[PDB]
2 protein chains.
Amino acid sequence: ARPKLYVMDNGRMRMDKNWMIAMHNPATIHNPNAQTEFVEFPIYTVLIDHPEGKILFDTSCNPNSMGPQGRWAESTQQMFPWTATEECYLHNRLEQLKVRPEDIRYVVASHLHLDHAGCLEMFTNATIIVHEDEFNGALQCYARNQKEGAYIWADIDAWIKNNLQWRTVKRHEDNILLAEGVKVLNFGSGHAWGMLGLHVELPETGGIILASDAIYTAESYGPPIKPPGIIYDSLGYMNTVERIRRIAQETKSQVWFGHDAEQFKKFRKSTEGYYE
Amino acid sequence: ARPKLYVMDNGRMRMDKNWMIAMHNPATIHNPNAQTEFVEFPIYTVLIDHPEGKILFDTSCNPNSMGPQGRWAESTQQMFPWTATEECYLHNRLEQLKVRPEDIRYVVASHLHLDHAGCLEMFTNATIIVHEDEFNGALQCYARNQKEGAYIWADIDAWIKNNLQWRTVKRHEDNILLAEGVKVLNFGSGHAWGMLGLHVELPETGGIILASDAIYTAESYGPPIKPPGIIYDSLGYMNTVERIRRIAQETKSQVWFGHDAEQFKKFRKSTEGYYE
Ligand SMILES: [Co+2]
Ligand SMILES: [Co+2]
Ligand SMILES: [Fe+3]
Ligand SMILES: [Fe+3]
């Protein structure tokens with residue numbers, strides 16, 4: 001197989017840096033009212049144009065997330081504001097590559113947060129691969145009518161209404177070989193209830209690990225590891241980062257972080273090319 | 001009737017409220033540079049004067065902790081400053097009750113943080129009860145010559161030099177009946193590597209659970225639970241709080257938090273009386 005892998009720019013988000021890096025700047029006796037910062041970071045998705053079938057990793061935010069008529073709760077909009085030009089919308093990014101949603105064979109949902117699962121509803125022809133624990137957690141949010149937080153009720157509503165084709169990765173399930181040189185990594189609980197990653201082996205570029213929010217940024221990764229404020233299972237989170245580091249070493253893979261502004265700037269984006 | 005329980009005031013500590021309540025005041029699009037605050041909370045210990053032998057729960061901070069010639073690293077002193085008059089030192093609080101360190105049969109170390117294990121070195125005739133995972137973690141800090149953080153190298157140094165008599169609670173060990181109506185609760189990992197609590201059954205007052213830093217304050221307790229910034233095992237922490245809530249219900253026990261300023265105010269202090 002000679003795939004082409006694309007990085008698609010799906011806009012920017014801002015939030016308290018403490019969400020990204022827990023206790024990044026603790027107050028001290030002579031600085032008792034230490035103030036935080038509102039950091040900007042990229043939202044992106046990855047398309048693997050593979051001869052066996054197109055694979056999409058993450059889906060960014062829904063185009064109708066923000067605004068007075070937005071799907072996101074106002075509180076969510078104020079804490080995690082998403083800014084994106086029309087060109088940044090996933091459907092537009094795919095269109096400019098002459099890729100229709102119906103062309104996508106597999107969508108790998110790293111997790112079901114607002115900035116990763118926003119456009120799942122587009123892909124009614126794909127198998128949606130998601131960690132069973134993440135799926136269960138999101139569905140409970142829905143059933144419990146939770147309208148605030150990182151799991152968007154209106155998004156989940158749409159997934160169900162659109163009759164998406166789910167394939168859950170079981171808690172103790174081994175890696176899934178999706179296609180030649182493409183493996184779904186079962187990271188389990190950490191940042192969220194159930195994290196999935198991808199290992200891609202490209203002929204030219206070599207190994208890539210898509211970590212998503214298992215590792216927010218290079219600052220997260222270190223060493224030393226600097227865990228997030230947004231966290232479910234702290235032990236699991238630490239285990240996963242260390243696991244990724246080992247895999248990266250042993251397979252000579254690059255690690256692509258969830259939301260690293262510096263790393264993202266270096267990427268060849270879908271408007272400039274791809275990785276072979 | 002028989003046992004007398006004393007609450008001993010061991011001064012005050014201040015720190016970033018984010019340590020106490022994680023993400024208490026998140027930055028937003030209209031408050032992007034949200035500040036924290038430096039909150040004050042009590043450091044206290046509990047003496048159970050029991051017919052079978054005196055039991056001490058926690059030991060506060062070492063008198064030699066603060067100052068330019070103090071045991072605590074300057075970074076620690078400025079992040080977690082401890083203020084206490086001489087009358088607040090544990091040795092003095094015990095003296096004012098006509099209790100000598102050598103009279104203490106059991107010391108229960110809830111964990112080995114600087115504000116709980118500070119005076120362990122006093123009790124050379126007691127059995128020191130501590131969670132094995134907490135003990136191991138602290139000893140690693142010592143062996144690794146870690147001078148920063150919540151584990152005080154100089155304190156640990158003193159414990160070893162003073163040849164304390166350790167009794168570790170094993171990871172999967174059942175609760176320990178220390179004396180009639182006094183049980184050591186094995187909370188395991190959460191806030192720290194290994195947390196111990198105490199359930200005390202007093203003839204008159206009834207059930208008391210000493211939660212220590214398993215539950216910082218009533219705000220922590222909720223519901224809903226609001227976890228701390230100082231945390232090791234998030235899942236374990238949550239499990240422990242909910243366990244305490246069940247035990248409290250089933251045994252009709254009060255829950256005494258680790259560092260709740262309002263609750264501590266209400267307590268009958270050792271200088272005014274005791275519980276029976
Ligand atoms: Co996330
Ligand atoms: Co503590
Ligand atoms: Fe994210
Ligand atoms: Fe404490």
Side-chain angles (χ1 to χ4, degrees), chain A residues 10-15 19-20 39 41-45 57-61 65 76 79-80 82 109-118 131 134 137-138 149-152 187 189-197 210-217 220 227-233 237 240 256-260 264, chain B residues 10-15 19-20 39 41-45 57-61 76 79-80 82 109-118 134 149-152 190-192 195-196 210-217 220 228-232 256-261 264:
Chain A
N10 303 121
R12 306 286 179 270
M13 181 173 291
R14 289 187 306 161
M15 73 186 176
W19 292 125
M20 183 174 290
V39 297
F41 58 93
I43 310 303
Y44 76 98
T45 53
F57 185 84
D58 278 350
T59 69
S60 70
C61 308
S65 294
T76 303
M79 247 175 329
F80 307 104
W82 177 56
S110 65
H111 60 310
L112 292 178
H113 275 171
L114 66 178
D115 52 316
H116 301 262
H131 198 289
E134 186 71 5
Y151 296 91
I152 309 303
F187 290 151
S189 56
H191 167 67
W193 293 301
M195 306 297 295
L196 298 184
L210 306 181
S212 187
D213 288 357
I215 315 170
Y216 269 156
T217 76
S220 311
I230 301 185
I231 201 164
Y232 164 66
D233 172 12
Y237 170 90
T240 292
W256 289 13
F257 310 118
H259 303 295
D260 186 285
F264 183 78
Chain B
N10 298 126
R12 306 282 177 276
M13 179 171 289
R14 278 187 305 154
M15 74 186 179
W19 292 126
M20 182 169 299
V39 295
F41 55 92
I43 308 307
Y44 77 98
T45 53
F57 185 83
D58 276 351
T59 68
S60 69
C61 312
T76 305
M79 205 159 279
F80 309 104
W82 175 56
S110 64
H111 61 309
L112 292 176
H113 274 169
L114 69 176
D115 50 318
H116 300 261
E134 186 71 6
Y151 297 90
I152 310 303
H191 166 70
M195 306 297 294
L196 300 181
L210 307 183
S212 187
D213 285 2
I215 317 168
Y216 269 156
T217 68
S220 310
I230 303 186
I231 199 167
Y232 166 64
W256 289 12
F257 308 119
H259 301 296
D260 188 320
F264 184 77

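Both backbone and side-chain heavy atoms feed into the values below; hydrogens, waters and symmetry mates do not. Counting starts at 1 for both ligands and their atoms, in listed order. We name chains A, B, ... by the order of the sequence lines, and we start the count at 1 in each one.
For A:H113, the N, O or S atom with the smallest separation from the Co ion (ligand 1) is ND1. Residue A:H111 approaches the Co ion (ligand 1) most closely through its N/O/S atom NE2. Taking the N/O/S atoms of B:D115 in turn, the shortest distance to the Fe ion (ligand 4) belongs to OD2. Residue B:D213 approaches the Fe ion (ligand 4) most closely through its N/O/S atom OD2. If you look at A:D213 and ask which of its N, O or S atoms sits nearest the Co ion (ligand 1), the answer is OD2. Residue-level check: among N/O/S atoms of A:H191, NE2 sits closest to the Co ion (ligand 1). The closest approach of B:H259 to the Fe ion (ligand 4), by N/O/S atoms, is made by NE2.
Residue B:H113: no N/O/S atom is found under 2.8 Å from the Fe ion (ligand 4). With a cut-off of 2.8 Å, the Fe ion (ligand 4) has an N, O or S atom of B:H116 in range.
In this structure, CZ on B:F80 lies 5.0 Å from CH2 on B:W19, to the nearest 0.5 angstrom.
Ring centroids of B:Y216 and B:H191 are separated by less than 6.0 Å, placing the two rings close together. Checked against a 6.0 Å centroid threshold, the rings of B:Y151 and B:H113 count as neighbours.
The backbone N or O of B:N10 sits less than 3.5 Å from a side-chain atom of B:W82, completing a donor-acceptor pair.
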